[PDB]
>>> print(open('coords.pdb').read())   # PDB, N, CA and C atoms
ATOM      1  N   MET T   1     100.760-142.856 166.885  1.00  0.00           N
ATOM      2  CA  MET T   1     102.107-142.277 166.659  1.00  0.00           C
ATOM      3  C   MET T   1     102.961-143.202 165.799  1.00  0.00           C
ATOM      4  N   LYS T   2     102.661-144.492 165.841  1.00  0.00           N
ATOM      5  CA  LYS T   2     103.337-145.455 164.988  1.00  0.00           C
ATOM      6  C   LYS T   2     102.574-145.625 163.681  1.00  0.00           C
ATOM      7  N   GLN T   3     103.119-145.064 162.612  1.00  0.00           N
ATOM      8  CA  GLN T   3     102.505-145.170 161.293  1.00  0.00           C
ATOM      9  C   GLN T   3     103.431-145.913 160.348  1.00  0.00           C
ATOM     10  N   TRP T   4     104.439-146.542 160.932  1.00  0.00           N
ATOM     11  CA  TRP T   4     105.482-147.238 160.198  1.00  0.00           C
ATOM     12  C   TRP T   4     106.371-147.983 161.173  1.00  0.00           C
ATOM     13  N   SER T   5     107.482-148.491 160.682  1.00  0.00           N
ATOM     14  CA  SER T   5     108.527-148.974 161.553  1.00  0.00           C
ATOM     15  C   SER T   5     109.472-147.818 161.860  1.00  0.00           C
ATOM     16  N   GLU T   6     109.552-147.461 163.141  1.00  0.00           N
ATOM     17  CA  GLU T   6     110.405-146.372 163.634  1.00  0.00           C
ATOM     18  C   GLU T   6     111.720-146.236 162.858  1.00  0.00           C
ATOM     19  N   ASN T   7     112.519-147.296 162.847  1.00  0.00           N
ATOM     20  CA  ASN T   7     113.864-147.231 162.284  1.00  0.00           C
ATOM     21  C   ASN T   7     113.844-147.201 160.762  1.00  0.00           C
ATOM     22  N   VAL T   8     112.701-147.530 160.185  1.00  0.00           N
ATOM     23  CA  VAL T   8     112.540-147.482 158.742  1.00  0.00           C
ATOM     24  C   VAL T   8     112.408-146.039 158.284  1.00  0.00           C
ATOM     25  N   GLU T   9     111.572-145.283 158.988  1.00  0.00           N
ATOM     26  CA  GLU T   9     111.381-143.859 158.719  1.00  0.00           C
ATOM     27  C   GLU T   9     112.738-143.157 158.696  1.00  0.00           C
ATOM     28  N   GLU T  10     113.550-143.493 159.686  1.00  0.00           N
ATOM     29  CA  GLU T  10     114.909-142.993 159.803  1.00  0.00           C
ATOM     30  C   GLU T  10     115.729-143.292 158.551  1.00  0.00           C
ATOM     31  N   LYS T  11     115.697-144.540 158.113  1.00  0.00           N
ATOM     32  CA  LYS T  11     116.575-144.983 157.045  1.00  0.00           C
ATOM     33  C   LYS T  11     116.018-144.677 155.661  1.00  0.00           C
ATOM     34  N   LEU T  12     114.782-144.214 155.596  1.00  0.00           N
ATOM     35  CA  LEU T  12     114.268-143.659 154.355  1.00  0.00           C
ATOM     36  C   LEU T  12     114.944-142.321 154.095  1.00  0.00           C
ATOM     37  N   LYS T  13     115.150-141.555 155.163  1.00  0.00           N
ATOM     38  CA  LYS T  13     115.932-140.321 155.089  1.00  0.00           C
ATOM     39  C   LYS T  13     117.334-140.640 154.592  1.00  0.00           C
ATOM     40  N   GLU T  14     117.872-141.735 155.111  1.00  0.00           N
ATOM     41  CA  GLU T  14     119.188-142.218 154.727  1.00  0.00           C
ATOM     42  C   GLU T  14     119.243-142.529 153.236  1.00  0.00           C
ATOM     43  N   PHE T  15     118.207-143.169 152.728  1.00  0.00           N
ATOM     44  CA  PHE T  15     118.247-143.696 151.374  1.00  0.00           C
ATOM     45  C   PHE T  15     117.808-142.661 150.342  1.00  0.00           C
ATOM     46  N   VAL T  16     116.872-141.807 150.711  1.00  0.00           N
ATOM     47  CA  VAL T  16     116.365-140.801 149.784  1.00  0.00           C
ATOM     48  C   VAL T  16     117.266-139.570 149.745  1.00  0.00           C
ATOM     49  N   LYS T  17     117.397-138.898 150.876  1.00  0.00           N
ATOM     50  CA  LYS T  17     118.144-137.646 150.932  1.00  0.00           C
ATOM     51  C   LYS T  17     119.643-137.885 151.086  1.00  0.00           C
ATOM     52  N   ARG T  18     120.002-138.814 151.960  1.00  0.00           N
ATOM     53  CA  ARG T  18     121.403-139.065 152.282  1.00  0.00           C
ATOM     54  C   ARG T  18     122.116-139.837 151.161  1.00  0.00           C
ATOM     55  N   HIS T  19     121.344-140.392 150.236  1.00  0.00           N
ATOM     56  CA  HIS T  19     121.906-141.042 149.052  1.00  0.00           C
ATOM     57  C   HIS T  19     121.722-140.142 147.832  1.00  0.00           C
ATOM     58  N   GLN T  20     121.825-140.719 146.639  1.00  0.00           N
ATOM     59  CA  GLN T  20     121.691-139.955 145.397  1.00  0.00           C
ATOM     60  C   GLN T  20     120.222-139.795 145.006  1.00  0.00           C
ATOM     61  N   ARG T  21     119.345-139.959 145.996  1.00  0.00           N
ATOM     62  CA  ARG T  21     117.897-139.899 145.811  1.00  0.00           C
ATOM     63  C   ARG T  21     117.390-141.110 145.034  1.00  0.00           C
ATOM     64  N   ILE T  22     116.196-141.551 145.374  1.00  0.00           N
ATOM     65  CA  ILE T  22     115.603-142.697 144.720  1.00  0.00           C
ATOM     66  C   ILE T  22     114.221-142.334 144.186  1.00  0.00           C
ATOM     67  N   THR T  23     113.881-142.888 143.031  1.00  0.00           N
ATOM     68  CA  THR T  23     112.606-142.615 142.393  1.00  0.00           C
ATOM     69  C   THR T  23     111.452-143.182 143.214  1.00  0.00           C
ATOM     70  N   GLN T  24     110.289-142.545 143.117  1.00  0.00           N
ATOM     71  CA  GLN T  24     109.140-142.899 143.945  1.00  0.00           C
ATOM     72  C   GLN T  24     108.664-144.323 143.663  1.00  0.00           C
ATOM     73  N   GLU T  25     108.790-144.756 142.416  1.00  0.00           N
ATOM     74  CA  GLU T  25     108.367-146.098 142.035  1.00  0.00           C
ATOM     75  C   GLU T  25     109.221-147.151 142.742  1.00  0.00           C
ATOM     76  N   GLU T  26     110.541-146.998 142.661  1.00  0.00           N
ATOM     77  CA  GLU T  26     111.457-147.909 143.340  1.00  0.00           C
ATOM     78  C   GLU T  26     111.325-147.741 144.849  1.00  0.00           C
ATOM     79  N   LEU T  27     111.128-146.492 145.263  1.00  0.00           N
ATOM     80  CA  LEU T  27     110.965-146.139 146.669  1.00  0.00           C
ATOM     81  C   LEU T  27     109.808-146.919 147.281  1.00  0.00           C
ATOM     82  N   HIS T  28     108.684-146.962 146.573  1.00  0.00           N
ATOM     83  CA  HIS T  28     107.485-147.617 147.081  1.00  0.00           C
ATOM     84  C   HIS T  28     107.729-149.112 147.282  1.00  0.00           C
ATOM     85  N   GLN T  29     108.505-149.708 146.386  1.00  0.00           N
ATOM     86  CA  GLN T  29     108.849-151.119 146.503  1.00  0.00           C
ATOM     87  C   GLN T  29     109.739-151.335 147.720  1.00  0.00           C
ATOM     88  N   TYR T  30     110.720-150.456 147.877  1.00  0.00           N
ATOM     89  CA  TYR T  30     111.640-150.513 149.006  1.00  0.00           C
ATOM     90  C   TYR T  30     110.895-150.227 150.310  1.00  0.00           C
ATOM     91  N   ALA T  31     109.858-149.403 150.214  1.00  0.00           N
ATOM     92  CA  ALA T  31     109.027-149.057 151.357  1.00  0.00           C
ATOM     93  C   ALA T  31     108.382-150.298 151.949  1.00  0.00           C
ATOM     94  N   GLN T  32     107.718-151.064 151.099  1.00  0.00           N
ATOM     95  CA  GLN T  32     106.965-152.224 151.551  1.00  0.00           C
ATOM     96  C   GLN T  32     107.901-153.384 151.868  1.00  0.00           C
ATOM     97  N   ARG T  33     109.156-153.245 151.457  1.00  0.00           N
ATOM     98  CA  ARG T  33     110.192-154.202 151.814  1.00  0.00           C
ATOM     99  C   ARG T  33     110.551-154.074 153.292  1.00  0.00           C
ATOM    100  N   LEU T  34     110.805-152.845 153.730  1.00  0.00           N
ATOM    101  CA  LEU T  34     111.231-152.594 155.101  1.00  0.00           C
ATOM    102  C   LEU T  34     110.052-152.593 156.070  1.00  0.00           C
ATOM    103  N   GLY T  35     108.861-152.325 155.559  1.00  0.00           N
ATOM    104  CA  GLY T  35     107.685-152.338 156.408  1.00  0.00           C
ATOM    105  C   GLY T  35     106.960-151.006 156.449  1.00  0.00           C
ATOM    106  N   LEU T  36     106.882-150.328 155.314  1.00  0.00           N
ATOM    107  CA  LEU T  36     106.107-149.103 155.233  1.00  0.00           C
ATOM    108  C   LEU T  36     104.707-149.375 154.732  1.00  0.00           C
ATOM    109  N   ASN T  37     103.937-148.313 154.700  1.00  0.00           N
ATOM    110  CA  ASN T  37     102.580-148.329 154.200  1.00  0.00           C
ATOM    111  C   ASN T  37     102.299-146.958 153.625  1.00  0.00           C
ATOM    112  N   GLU T  38     101.380-146.889 152.685  1.00  0.00           N
ATOM    113  CA  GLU T  38     101.119-145.668 151.932  1.00  0.00           C
ATOM    114  C   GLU T  38     100.859-144.467 152.845  1.00  0.00           C
ATOM    115  N   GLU T  39     100.338-144.728 154.041  1.00  0.00           N
ATOM    116  CA  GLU T  39     100.124-143.694 155.041  1.00  0.00           C
ATOM    117  C   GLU T  39     101.449-143.021 155.401  1.00  0.00           C
ATOM    118  N   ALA T  40     102.419-143.841 155.793  1.00  0.00           N
ATOM    119  CA  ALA T  40     103.745-143.355 156.145  1.00  0.00           C
ATOM    120  C   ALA T  40     104.450-142.800 154.923  1.00  0.00           C
ATOM    121  N   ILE T  41     104.140-143.370 153.769  1.00  0.00           N
ATOM    122  CA  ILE T  41     104.758-142.950 152.526  1.00  0.00           C
ATOM    123  C   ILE T  41     104.320-141.531 152.160  1.00  0.00           C
ATOM    124  N   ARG T  42     103.028-141.243 152.312  1.00  0.00           N
ATOM    125  CA  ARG T  42     102.526-139.893 152.093  1.00  0.00           C
ATOM    126  C   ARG T  42     103.128-138.943 153.116  1.00  0.00           C
ATOM    127  N   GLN T  43     103.111-139.369 154.379  1.00  0.00           N
ATOM    128  CA  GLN T  43     103.688-138.593 155.471  1.00  0.00           C
ATOM    129  C   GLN T  43     105.116-138.183 155.139  1.00  0.00           C
ATOM    130  N   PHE T  44     105.888-139.149 154.666  1.00  0.00           N
ATOM    131  CA  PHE T  44     107.296-138.942 154.394  1.00  0.00           C
ATOM    132  C   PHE T  44     107.506-137.952 153.252  1.00  0.00           C
ATOM    133  N   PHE T  45     106.584-137.926 152.299  1.00  0.00           N
ATOM    134  CA  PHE T  45     106.704-137.023 151.159  1.00  0.00           C
ATOM    135  C   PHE T  45     106.195-135.624 151.485  1.00  0.00           C
ATOM    136  N   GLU T  46     104.949-135.531 151.932  1.00  0.00           N
ATOM    137  CA  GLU T  46     104.313-134.237 152.139  1.00  0.00           C
ATOM    138  C   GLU T  46     104.970-133.494 153.293  1.00  0.00           C
ATOM    139  N   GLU T  47     105.413-134.252 154.276  1.00  0.00           N
ATOM    140  CA  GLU T  47     106.060-133.685 155.445  1.00  0.00           C
ATOM    141  C   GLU T  47     107.547-134.023 155.493  1.00  0.00           C
ATOM    142  N   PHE T  48     108.192-134.114 154.334  1.00  0.00           N
ATOM    143  CA  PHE T  48     109.632-134.374 154.297  1.00  0.00           C
ATOM    144  C   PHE T  48     110.401-133.153 154.813  1.00  0.00           C
ATOM    145  N   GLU T  49     110.505-132.121 153.982  1.00  0.00           N
ATOM    146  CA  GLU T  49     111.090-130.851 154.392  1.00  0.00           C
ATOM    147  C   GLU T  49     110.553-129.716 153.518  1.00  0.00           C
ATOM    148  N   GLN T  50     109.508-130.015 152.754  1.00  0.00           N
ATOM    149  CA  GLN T  50     108.924-129.057 151.828  1.00  0.00           C
ATOM    150  C   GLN T  50     107.586-128.605 152.387  1.00  0.00           C
ATOM    151  N   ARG T  51     107.413-128.897 153.668  1.00  0.00           N
ATOM    152  CA  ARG T  51     106.173-128.652 154.394  1.00  0.00           C
ATOM    153  C   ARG T  51     105.680-127.218 154.224  1.00  0.00           C
ATOM    154  N   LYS T  52     104.385-127.078 153.991  1.00  0.00           N
ATOM    155  CA  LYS T  52     103.761-125.770 153.892  1.00  0.00           C
ATOM    156  C   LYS T  52     102.390-125.790 154.566  1.00  0.00           C
TER
END
>>> encode(input="coords.pdb", output="structure tokens")
Amino acid sequence: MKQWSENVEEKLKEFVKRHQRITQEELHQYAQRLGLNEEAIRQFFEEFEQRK
């Protein structure tokens, strides 16, 4: 169930959607800064809110 840092997942929503949006390239750098991994990064994109 832990595929990232709990509070990081939260604040990615803060930084991506709740802000003026951030590019995936910069996002990935910021991801590994807070403690993400490509697993959580894919999760966050594919299952953001465009889920199908």
>>> select_by_dssp(input="coords.pdb", residues="chain T", states="helix (DSSP H, G or I)", output="MDAnalysis selection string")
chainID T and resid 6:16 24:34 38:46
>>> closest_residue(input="coords.pdb", among="T:51, T:7, T:14, T:41", to="residue 27 in chain T", atoms="only C-alpha atoms")
T:41
>>> residues_around(input="coords.pdb", residues="residue 4 in chain T", least_positions_apart="3", cutoff="6 Å", atoms="all atoms listed in the file", output="ChimeraX atom specification")
/T:35-37,40
>>> atom_distance(input="coords.pdb", atom1="CA of residue 34 in chain T", atom2="CA of residue 52 in chain T")
27.9 Å
>>> atom_distance(input="coords.pdb", atom1="CA of residue 20 in chain T", atom2="CA of residue 3 in chain T")
25.5 Å
>>> axis_aligned_box(input="coords.pdb", around="range 35-45 of chain T", padding_each_side="6 Å", output="lines of an AutoDock Vina configuration file")
center_x = 104.5
center_y = -144.0
center_z = 153.8
size_x = 20.7
size_y = 28.7
size_z = 17.3
>>> resolve_selection(input="coords.pdb", expression="the PyMOL selection byres (((chain T and resi 24 and name CA) around 12) and name CA)", output="ChimeraX atom specification")
/T:12,15-16,21-23,25-31,38,41-42,44-45
>>> write_last_selection(input="coords.pdb", atoms="N, CA and C atoms", output="mmCIF file, in the frame of the given file")
data_model
loop_
_atom_site.group_PDB
_atom_site.id
_atom_site.type_symbol
_atom_site.label_atom_id
_atom_site.label_comp_id
_atom_site.auth_asym_id
_atom_site.auth_seq_id
_atom_site.Cartn_x
_atom_site.Cartn_y
_atom_site.Cartn_z
ATOM 1 N N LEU T 12 114.782 -144.214 155.596
ATOM 2 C CA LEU T 12 114.268 -143.659 154.355
ATOM 3 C C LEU T 12 114.944 -142.321 154.095
ATOM 4 N N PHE T 15 118.207 -143.169 152.728
ATOM 5 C CA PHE T 15 118.247 -143.696 151.374
ATOM 6 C C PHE T 15 117.808 -142.661 150.342
ATOM 7 N N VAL T 16 116.872 -141.807 150.711
ATOM 8 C CA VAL T 16 116.365 -140.801 149.784
ATOM 9 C C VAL T 16 117.266 -139.570 149.745
ATOM 10 N N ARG T 21 119.345 -139.959 145.996
ATOM 11 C CA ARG T 21 117.897 -139.899 145.811
ATOM 12 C C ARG T 21 117.390 -141.110 145.034
ATOM 13 N N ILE T 22 116.196 -141.551 145.374
ATOM 14 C CA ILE T 22 115.603 -142.697 144.720
ATOM 15 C C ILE T 22 114.221 -142.334 144.186
ATOM 16 N N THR T 23 113.881 -142.888 143.031
ATOM 17 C CA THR T 23 112.606 -142.615 142.393
ATOM 18 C C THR T 23 111.452 -143.182 143.214
ATOM 19 N N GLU T 25 108.790 -144.756 142.416
ATOM 20 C CA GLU T 25 108.367 -146.098 142.035
ATOM 21 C C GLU T 25 109.221 -147.151 142.742
ATOM 22 N N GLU T 26 110.541 -146.998 142.661
ATOM 23 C CA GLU T 26 111.457 -147.909 143.340
ATOM 24 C C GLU T 26 111.325 -147.741 144.849
ATOM 25 N N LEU T 27 111.128 -146.492 145.263
ATOM 26 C CA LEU T 27 110.965 -146.139 146.669
ATOM 27 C C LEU T 27 109.808 -146.919 147.281
ATOM 28 N N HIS T 28 108.684 -146.962 146.573
ATOM 29 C CA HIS T 28 107.485 -147.617 147.081
ATOM 30 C C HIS T 28 107.729 -149.112 147.282
ATOM 31 N N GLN T 29 108.505 -149.708 146.386
ATOM 32 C CA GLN T 29 108.849 -151.119 146.503
ATOM 33 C C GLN T 29 109.739 -151.335 147.720
ATOM 34 N N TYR T 30 110.720 -150.456 147.877
ATOM 35 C CA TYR T 30 111.640 -150.513 149.006
ATOM 36 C C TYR T 30 110.895 -150.227 150.310
ATOM 37 N N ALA T 31 109.858 -149.403 150.214
ATOM 38 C CA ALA T 31 109.027 -149.057 151.357
ATOM 39 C C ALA T 31 108.382 -150.298 151.949
ATOM 40 N N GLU T 38 101.380 -146.889 152.685
ATOM 41 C CA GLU T 38 101.119 -145.668 151.932
ATOM 42 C C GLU T 38 100.859 -144.467 152.845
ATOM 43 N N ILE T 41 104.140 -143.370 153.769
ATOM 44 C CA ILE T 41 104.758 -142.950 152.526
ATOM 45 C C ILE T 41 104.320 -141.531 152.160
ATOM 46 N N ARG T 42 103.028 -141.243 152.312
ATOM 47 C CA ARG T 42 102.526 -139.893 152.093
ATOM 48 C C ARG T 42 103.128 -138.943 153.116
ATOM 49 N N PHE T 44 105.888 -139.149 154.666
ATOM 50 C CA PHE T 44 107.296 -138.942 154.394
ATOM 51 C C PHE T 44 107.506 -137.952 153.252
ATOM 52 N N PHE T 45 106.584 -137.926 152.299
ATOM 53 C CA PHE T 45 106.704 -137.023 151.159
ATOM 54 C C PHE T 45 106.195 -135.624 151.485
#
>>> atom_distance(input="coords.pdb", atom1="CA of residue 2 in chain T", atom2="CA of residue 39 in chain T")
10.6 Å
>>> build_atoms(input="coords.pdb", residues="range 37-50 of chain T", atoms="N, CA, C and O atoms", output="compact mmCIF listing (two decimals), keeping the file's coordinate frame")
# COMPACT_ATOMS: atom_id res chain seq x y z
N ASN T 37 103.94 -148.31 154.70
CA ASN T 37 102.58 -148.33 154.20
C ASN T 37 102.30 -146.96 153.62
O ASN T 37 102.94 -145.99 154.02
N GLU T 38 101.38 -146.89 152.68
CA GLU T 38 101.12 -145.67 151.93
C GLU T 38 100.86 -144.47 152.84
O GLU T 38 101.14 -143.33 152.47
N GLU T 39 100.34 -144.73 154.04
CA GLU T 39 100.12 -143.69 155.04
C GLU T 39 101.45 -143.02 155.40
O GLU T 39 101.60 -141.80 155.30
N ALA T 40 102.42 -143.84 155.79
CA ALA T 40 103.74 -143.35 156.15
C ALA T 40 104.45 -142.80 154.92
O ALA T 40 105.25 -141.87 155.02
N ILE T 41 104.14 -143.37 153.77
CA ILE T 41 104.76 -142.95 152.53
C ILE T 41 104.32 -141.53 152.16
O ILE T 41 105.14 -140.70 151.77
N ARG T 42 103.03 -141.24 152.31
CA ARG T 42 102.53 -139.89 152.09
C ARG T 42 103.13 -138.94 153.12
O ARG T 42 103.60 -137.86 152.77
N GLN T 43 103.11 -139.37 154.38
CA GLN T 43 103.69 -138.59 155.47
C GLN T 43 105.12 -138.18 155.14
O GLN T 43 105.50 -137.02 155.29
N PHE T 44 105.89 -139.15 154.67
CA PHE T 44 107.30 -138.94 154.39
C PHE T 44 107.51 -137.95 153.25
O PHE T 44 108.49 -137.22 153.24
N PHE T 45 106.58 -137.93 152.30
CA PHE T 45 106.70 -137.02 151.16
C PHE T 45 106.20 -135.62 151.49
O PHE T 45 106.93 -134.64 151.34
N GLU T 46 104.95 -135.53 151.93
CA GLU T 46 104.31 -134.24 152.14
C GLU T 46 104.97 -133.49 153.29
O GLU T 46 105.09 -132.27 153.28
N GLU T 47 105.41 -134.25 154.28
CA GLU T 47 106.06 -133.68 155.44
C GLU T 47 107.55 -134.02 155.49
O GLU T 47 108.11 -134.17 156.58
N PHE T 48 108.19 -134.11 154.33
CA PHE T 48 109.63 -134.37 154.30
C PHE T 48 110.40 -133.15 154.81
O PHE T 48 110.89 -133.15 155.95
N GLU T 49 110.50 -132.12 153.98
CA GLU T 49 111.09 -130.85 154.39
C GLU T 49 110.55 -129.72 153.52
O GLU T 49 111.06 -128.60 153.55
N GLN T 50 109.51 -130.01 152.75
CA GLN T 50 108.92 -129.06 151.83
C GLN T 50 107.59 -128.60 152.39
O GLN T 50 106.76 -128.01 151.69
